[PDB]
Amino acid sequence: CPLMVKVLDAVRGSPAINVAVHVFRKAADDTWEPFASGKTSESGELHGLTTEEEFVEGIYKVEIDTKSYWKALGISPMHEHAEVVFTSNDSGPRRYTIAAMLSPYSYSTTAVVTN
C-alpha cells in the first residue's frame, strides 16, 4: 500500500509484465540494505512490496531488470538496467507510486505522492 511500482513499455504501448524489481534502503553506514522485491503483474504494477509500519523515512533505491525484460521480447537494449533513487522525507500515511517508462535506449520515471 505505501509503495507501488509501475513499469510501462514505450515501444509496444503495454504494461511491462513480469519485470523484476529490487528495492534497497540506505543504511546508517551508507550501504544499500535489501528491502523488498518482486515482479510486475499483468497490469505492469507491483503491489504489496511493503507495509506502513516498515516503510519509514529514508533513501530508497529501485533497480529494475530491464535487460531481461527486453531480451525476453527479442530486443537487445542499450541501457543495462533502470535505477531510480528517491527519498521519503515525510513520515505518515503517504503513498508513493514510482512509475518507469522503458525503451531500449531510454527511460523516464515519475514519482506521485498522495495522502
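Residue numbers here begin at 1 and follow the sequence given.
- According to the PDB record, 34-42 carries the higher mean C-alpha B-factor of the two stretches 34-42 and 76-84.
- Set 86-94 against 49-57 and average the Cα temperature factors; 86-94 ends up higher.
- Residue-level temperature factors show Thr110 in the middle third of its chain, judged at the C-alpha atom.
- In the deposited entry, the Cα temperature factor of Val7 places it in the lowest third of its chain's modelled residues.
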